[PDB]
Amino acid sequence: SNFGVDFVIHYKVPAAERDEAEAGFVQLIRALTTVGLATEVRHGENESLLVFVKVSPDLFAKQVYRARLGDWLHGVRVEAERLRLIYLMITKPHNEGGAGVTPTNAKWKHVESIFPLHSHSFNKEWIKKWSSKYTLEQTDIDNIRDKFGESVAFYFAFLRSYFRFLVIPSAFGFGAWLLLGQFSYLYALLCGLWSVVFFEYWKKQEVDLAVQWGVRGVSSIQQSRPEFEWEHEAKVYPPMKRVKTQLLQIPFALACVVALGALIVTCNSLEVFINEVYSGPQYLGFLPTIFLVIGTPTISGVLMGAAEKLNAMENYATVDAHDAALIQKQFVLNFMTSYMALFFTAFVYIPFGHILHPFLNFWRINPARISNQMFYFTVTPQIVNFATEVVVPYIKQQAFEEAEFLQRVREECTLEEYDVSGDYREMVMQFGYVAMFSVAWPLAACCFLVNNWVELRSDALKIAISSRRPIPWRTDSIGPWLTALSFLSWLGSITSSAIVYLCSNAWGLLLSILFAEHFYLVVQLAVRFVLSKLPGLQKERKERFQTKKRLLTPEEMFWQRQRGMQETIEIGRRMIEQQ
């Protein structure tokens, strides 16, 4: 168990630059004492001064009350909340209740990370409980929310909902694969309907979870970025400079598109050449593209880094906007690097494959090739993601009075922050595969289903021992990923349909695209209406009712003719008798 330490700061000190390092250390200690936190300094690995900080319960209660009042202010209104508030006290500047010791912004640049400590007793029991069960109840997600915050809990709830909704497409994918034959239009229609239903039901469940956890409306709260650089104050940044920096994305995206397209064109030409030249034993004919998938986590990886670089010079005032831009860039890059091969096979090679002939001349049309390539692009990338996610850290860790706890912290600070964006991106890519390309290989979703059951555990293990405890954040929604899902639905309703007409055989293709797109729109409207006509809303209404119950001259002669009661009745009766 931990030693009561609530937060941990690294503050590594190099061999040189010690003269200002000591000043930074004393400034950090003075600020941490001023804000009202108890501090304890110990030695660490590689010449570092590891400082543990905890809480004067009166000041902590005052901070809790101030935060609750602020949450009530915007209409928004446990270990996760306590850790989040301690992190806010550590991070927020002196202007609004804190002592800003953020690494990148101020002169306190000798700190590397401020992170909480993992609870091994909770972690092992959580892993055992999640591995010994078949399904996960809402109580498990609630425990995740209480311990690791709302972002991790929201990701795990989304993963559970996705895994539970993946049964239906698995079921009728197996039905279509066993009976309906290859490239069934009915399967495409059912896949589009399931995508619409899952997206809308996840929106409803997201609203319900936000109401239940009391995090409804946190997205409207704007949080300033400590590393944001401004020029004037009236903190403002000229939007022209930001637009100029953003315009650099377009040539970057075009260059990435050209490079990836050329690489996939060469790989597809090579695989066609070996399939049409060599006899093999059948399986070696897809050897190139398989390698391509094995190369996918590498190149895209460095590409992701470039995206981060593109988000560094692209200044953003708020955390939400910066996160949304980073998610957009990462989603575009991963969409490219994960679907360009399938798009080229389905909509370039299949319709008019008479353009690759020069490339086949450099080395020296089966419609069922798309099904095999989808099978490979379903099974192999999942295996390689498993390898790079769970077992390669297994090998990495296998290679490697109070000494036990100190050693545990020293080994803990070497790990990386848990990036939930990567897991969100992987799940969104899987959903996209199901939505737009599962028609070629109907069993694909089934395989994904199995992987999801592993992921819900494996990703949990990734937060158990493969990564250090993340900062507990609050999120109303899963964020811009929702939009991505919608996109991967809509274009999917096109793409799958465009597969069915193309691999089963000009006007018919366009007619099929029209019918599929309009069917997708119609079922979207119908499901939205059905869900609007169908717990969180009832609780909000009950709270509103409880608050409501707890909250409490001709003119001057015209009106003097019959001022009384009997006078009016008598005149009315008399004139009734008159008429």
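All residue numbers are counted from 1 along the displayed sequence.
Student: In a third or more of the other entries compared, is residue 69 missing its coordinates?
Tutor: Modelled in all the others, so no.
Student: Among the other entries of this protein that model both neighbours of residue 552, is it absent from at least a third?
Tutor: Across the compared entries, residue 552 is left out in at least a third.
Student: Count of coordinate-less deposited residues separating residue 77 and residue 78, as none, 1 to 3, 4 to 9, or 10 or more?
Tutor: Missing residues, residue 77 to residue 78: 10 or more.
Student: As recorded in the PDB entry, how many deposited residues are without coordinates between residue 364 and residue 365: none, 1 to 3, 4 to 9, or 10 or more?
Tutor: The entry has a long gap there, with 10 or more residues left out between residue 364 and residue 365.
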